[PDB]
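A short write-up of the structure that comes next.
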Amino acid sequence: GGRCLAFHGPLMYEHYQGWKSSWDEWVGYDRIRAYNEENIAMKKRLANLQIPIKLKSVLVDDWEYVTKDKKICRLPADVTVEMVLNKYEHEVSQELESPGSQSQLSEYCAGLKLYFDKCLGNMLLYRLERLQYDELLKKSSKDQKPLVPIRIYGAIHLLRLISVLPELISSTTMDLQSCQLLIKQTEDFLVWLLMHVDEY
Amino acid sequence: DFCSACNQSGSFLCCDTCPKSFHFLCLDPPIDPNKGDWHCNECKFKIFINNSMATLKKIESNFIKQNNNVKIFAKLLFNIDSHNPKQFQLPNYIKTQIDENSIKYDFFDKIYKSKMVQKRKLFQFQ
Amino acid sequence: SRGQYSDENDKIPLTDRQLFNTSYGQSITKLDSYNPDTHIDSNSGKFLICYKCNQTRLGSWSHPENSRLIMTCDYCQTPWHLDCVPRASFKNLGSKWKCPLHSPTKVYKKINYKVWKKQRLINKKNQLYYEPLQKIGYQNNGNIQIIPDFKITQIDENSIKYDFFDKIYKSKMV
């Protein structure tokens, strides 16, 4: 189909056109069109968005509170996001999600875990919290093991993380209905945490 | 001098390529200072991509062929070094082969969980 | 020739050699005389296997009535018997013979109605813009292509199966 479809420089392909039969080659390498290499280099140089107002008091309460206490005083924190992320597949996915595939919850949970795996160092880092992360990386470098933040970080910063993702969501070229779905599951998250006030 | 990632003054720290002022006790990369040289992440991607190589070609175009278990947000993962970090703030308004087996197993588990939620809904309907 | 619309749906006109002086037996028709050359493709010399029934049904010269007419598709070269799909004769004059297995140009979904006369493809210049981001619940209303302004996505088999199962798992309650 069409009139111009060639992996090499196009010669109105619909094999090297305009040449004899003793020049064919069908080996496999990388392919680039480049418009016949800029038309043989111009013929050899001419022949040479915000969260809804439902439970917004939490970040107001925690903005003043992290100035001197930072919401945590024990480095091996007993609160981990692993169980509260695992409970989503057993509590809200079996009740609120429409019958079908739970990919929109499980895949998003795995993506949130992957984002939390490397989100440290660039964002969500108060100054003394940065010092605490520095001392955690110092004490975790004595056995040349990777720093895994699933066992030393609480779930209290997850609310701030879903507060600070939407303005960097629109920082890249992205379709609007993906952001609509993002804010939809953010609304689902705040619906789930509306009555579960003990863990946060 | 100043700190773009601290919104303060602090001490003075300089860089060989793209010299910017930051805190000496808090390095811009996540690697702790507790060094012989310091290289910022914006300095890194610049000297790596933004100088003369693959400006038109998207590096993140072929990043999906090896990454698994993240699909919704992938363009923002590429430019994780192009933007410098900053201190805490808040606006006043608010105040493929193994991957094929992996996705096949995920679809298998999702089909079984669909069977379980079908059983749950016909149990709760009756 | 006179300045009419001519996309890939319409077949090229047949020449006078194939239409007037195409001998007697041939007569631009395979319904008459034994025509075993229509059952053999010149690309590989193998047998054209029909999609519905997996038989070429060439038959024998001693029993010409046991032979079944077959035709080659004009898009994917898929063989098809004349008795499986309801059709009397071949398709030589007019549009190209589109087998009933591809994407139709216009469909109807009565609910007044939506036509969706396809997008008839865009050339390989900068107008053809690709953006694969989301696989579940895109609502891209078609015009997709399969990989291993007019917005199109690089969809695969997994995403199609996912949204199909999602839609028929929401629709089985109604």
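By order of appearance in the structure tokens: chains A, B, ..., then residues from 1 within every chain, and ligands from 1 in the order shown.
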
Using only C-alpha atoms, which chain C residues lie at most 10 Å away from chain B, written as a short mmCIF file (atom, residue, chain, number, x, y, z; two decimals) with N, CA and C atoms, in the first residue's frame?
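Saved file part22.cif follows:
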```
data_model
loop_
_atom_site.label_atom_id
_atom_site.label_comp_id
_atom_site.auth_asym_id
_atom_site.auth_seq_id
_atom_site.Cartn_x
_atom_site.Cartn_y
_atom_site.Cartn_z
N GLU C 131 1.09 8.16 19.88
CA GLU C 131 1.20 8.41 21.31
C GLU C 131 0.62 7.26 22.12
N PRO C 132 1.38 6.18 22.34
CA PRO C 132 0.88 5.09 23.19
C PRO C 132 1.08 5.35 24.67
N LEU C 133 0.00 5.63 25.40
CA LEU C 133 0.10 5.88 26.83
C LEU C 133 -0.76 4.94 27.67
N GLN C 134 -2.03 4.77 27.32
CA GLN C 134 -2.99 4.07 28.17
C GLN C 134 -3.56 2.87 27.42
N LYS C 135 -3.73 1.76 28.13
CA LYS C 135 -4.23 0.53 27.54
C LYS C 135 -5.64 0.15 27.98
N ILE C 136 -6.12 0.67 29.11
CA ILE C 136 -7.44 0.33 29.64
C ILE C 136 -8.29 1.60 29.65
N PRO C 148 3.98 -5.41 17.54
CA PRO C 148 4.48 -6.46 18.44
C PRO C 148 5.02 -5.90 19.75
N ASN C 158 -3.04 -7.54 24.05
CA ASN C 158 -3.34 -7.56 25.48
C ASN C 158 -4.33 -6.46 25.86
N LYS C 161 -7.81 -7.28 24.44
CA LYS C 161 -8.46 -8.31 25.25
C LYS C 161 -8.89 -7.77 26.61
N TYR C 162 -8.11 -6.83 27.17
CA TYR C 162 -8.45 -6.26 28.47
C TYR C 162 -9.71 -5.40 28.39
N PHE C 165 -12.82 -7.67 27.67
CA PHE C 165 -13.31 -8.34 28.87
C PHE C 165 -13.94 -7.37 29.86
N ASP C 166 -13.38 -6.16 29.98
CA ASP C 166 -13.96 -5.15 30.87
C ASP C 166 -15.35 -4.74 30.41
N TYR C 169 -17.82 -7.55 30.81
CA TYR C 169 -18.07 -7.86 32.20
C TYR C 169 -18.90 -6.78 32.88
#
```

- Excluding same-chain residues fewer than 5 positions from residue 79 (chain C), what lies within 8 Å of it counting only C-alpha atoms, as a PyMOL selection string? chain C and resi 48-51+70-73

Using only C-alpha atoms, which residues of chain C come within 12 Å of chain A, and what is the closest atom pair for each, with the distance in Å to one decimal? Give it as CSV, sorted by chain and residue number.
```
residue,atom,partner,partner_atom,distance
C:7,CA,A:2,CA,10.6
C:8,CA,A:1,CA,8.4
C:9,CA,A:1,CA,11.7
C:74,CA,A:1,CA,11.4
C:75,CA,A:1,CA,9.2
C:76,CA,A:1,CA,11.3
C:120,CA,A:2,CA,11.7
C:121,CA,A:2,CA,9.8
C:122,CA,A:2,CA,9.9
C:123,CA,A:2,CA,7.9
C:124,CA,A:4,CA,8.1
C:125,CA,A:35,CA,10.0
C:131,CA,A:174,CA,9.2
C:132,CA,A:174,CA,10.5
C:133,CA,A:174,CA,8.4
C:134,CA,A:178,CA,7.5
C:135,CA,A:104,CA,10.1
C:136,CA,A:104,CA,7.8
C:137,CA,A:181,CA,9.2
C:138,CA,A:177,CA,8.0
C:139,CA,A:177,CA,9.5
C:140,CA,A:177,CA,10.9
C:151,CA,A:175,CA,10.4
C:153,CA,A:175,CA,11.9
C:159,CA,A:103,CA,11.1
C:161,CA,A:101,CA,10.9
C:162,CA,A:101,CA,7.7
C:163,CA,A:101,CA,9.1
C:164,CA,A:100,CA,10.2
C:165,CA,A:100,CA,7.0
C:166,CA,A:100,CA,5.3
C:167,CA,A:100,CA,8.3
C:168,CA,A:100,CA,8.5
C:169,CA,A:100,CA,5.3
C:170,CA,A:99,CA,6.5
C:171,CA,A:99,CA,9.9
C:172,CA,A:99,CA,9.8
C:173,CA,A:99,CA,9.4
```

- Query: Pick the closest to chain B from A:35, A:63, A:26, A:19: which is it, counting only C-alpha atoms?
  - Reply: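 The closest residue to chain B is A:63.
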
- Task: Enumerate as a count of residues only the residues belonging to chain A that approach chain B to within 6 Å, with only C-alpha atoms taken into account.
- Result: 7

- Query: Which of region 49-159 of chain C counts as strand (DSSP E) under DSSP, as an NGL selection string please?
  - Reply: :C and (70-72 or 79-81 or 129-130 or 145-146 or 151-152 or 154-155)

Could those selected residues go to a file with N, CA, C and O atoms, as a short mmCIF file (atom, residue, chain, number, x, y, z; two decimals), in the first residue's frame?
```cif
data_model
loop_
_atom_site.label_atom_id
_atom_site.label_comp_id
_atom_site.auth_asym_id
_atom_site.auth_seq_id
_atom_site.Cartn_x
_atom_site.Cartn_y
_atom_site.Cartn_z
N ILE C 70 -12.78 -20.82 -6.01
CA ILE C 70 -12.09 -20.07 -4.97
C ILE C 70 -11.60 -18.76 -5.57
O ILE C 70 -11.45 -18.62 -6.78
N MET C 71 -11.38 -17.78 -4.69
CA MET C 71 -10.91 -16.47 -5.10
C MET C 71 -9.90 -15.95 -4.09
O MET C 71 -9.93 -16.32 -2.91
N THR C 72 -9.00 -15.09 -4.55
CA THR C 72 -7.98 -14.48 -3.71
C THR C 72 -8.46 -13.10 -3.27
O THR C 72 -8.96 -12.32 -4.08
N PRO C 79 -7.66 -16.86 0.71
CA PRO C 79 -8.58 -17.62 -0.14
C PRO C 79 -9.95 -17.76 0.49
O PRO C 79 -10.10 -17.83 1.71
N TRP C 80 -10.97 -17.80 -0.37
CA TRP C 80 -12.35 -17.91 0.08
C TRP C 80 -13.18 -18.63 -0.97
O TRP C 80 -13.11 -18.29 -2.15
N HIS C 81 -13.96 -19.61 -0.53
CA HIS C 81 -14.85 -20.32 -1.44
C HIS C 81 -16.05 -19.46 -1.80
O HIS C 81 -16.47 -18.58 -1.04
N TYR C 129 0.78 11.16 13.80
CA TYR C 129 1.34 11.36 15.13
C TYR C 129 0.92 10.20 16.02
O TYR C 129 -0.27 9.86 16.08
N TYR C 130 1.89 9.60 16.71
CA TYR C 130 1.67 8.42 17.54
C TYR C 130 1.89 8.77 19.00
O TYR C 130 2.77 9.57 19.33
N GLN C 145 -3.97 0.35 15.13
CA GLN C 145 -3.10 -0.59 14.44
C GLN C 145 -2.39 -1.45 15.47
O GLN C 145 -2.26 -1.07 16.64
N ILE C 146 -1.94 -2.62 15.04
CA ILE C 146 -1.37 -3.63 15.94
C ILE C 146 0.14 -3.65 15.77
O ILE C 146 0.65 -3.67 14.64
N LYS C 151 -5.69 11.38 16.34
CA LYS C 151 -4.88 10.73 17.36
C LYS C 151 -5.06 9.22 17.27
O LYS C 151 -6.19 8.71 17.29
N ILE C 152 -3.94 8.50 17.18
CA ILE C 152 -3.93 7.04 17.13
C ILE C 152 -2.96 6.52 18.17
O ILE C 152 -2.05 7.22 18.62
N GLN C 154 -0.65 2.97 19.76
CA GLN C 154 0.01 1.70 19.49
C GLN C 154 -0.58 0.64 20.42
O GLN C 154 -0.01 0.29 21.46
N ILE C 155 -1.74 0.13 20.04
CA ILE C 155 -2.46 -0.87 20.82
C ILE C 155 -1.92 -2.24 20.44
O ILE C 155 -1.33 -2.41 19.37
#
```

- Identify all residues of chain B in helix (DSSP H, G or I) (DSSP on the backbone) and supply them as a ChimeraX atom specification. /B:41-50,59-61,63-65,75-78,98-125

- Message: I'd like the contact shell of residue 115 (chain C) - 12 Å cut-off, only C-alpha atoms, skipping same-chain residues fewer than 5 positions apart - returned as a PyMOL selection string.
- Response: chain C and resi 104-110+141

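Ranking A:158, A:136, A:12, A:27 by their shortest atom-to-atom distance to residue 119 (chain A), with only C-alpha atoms included, puts A:158 first.
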
- Rounded to one decimal place, report the CA of residue 42 (chain B)-CA of residue 139 (chain A) distance in Å.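 Rounded to one decimal, the two atoms are 27.5 Å apart.
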
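For the pair CA of residue 55 (chain B) and CA of residue 126 (chain C), the separation is 17.0 Å.
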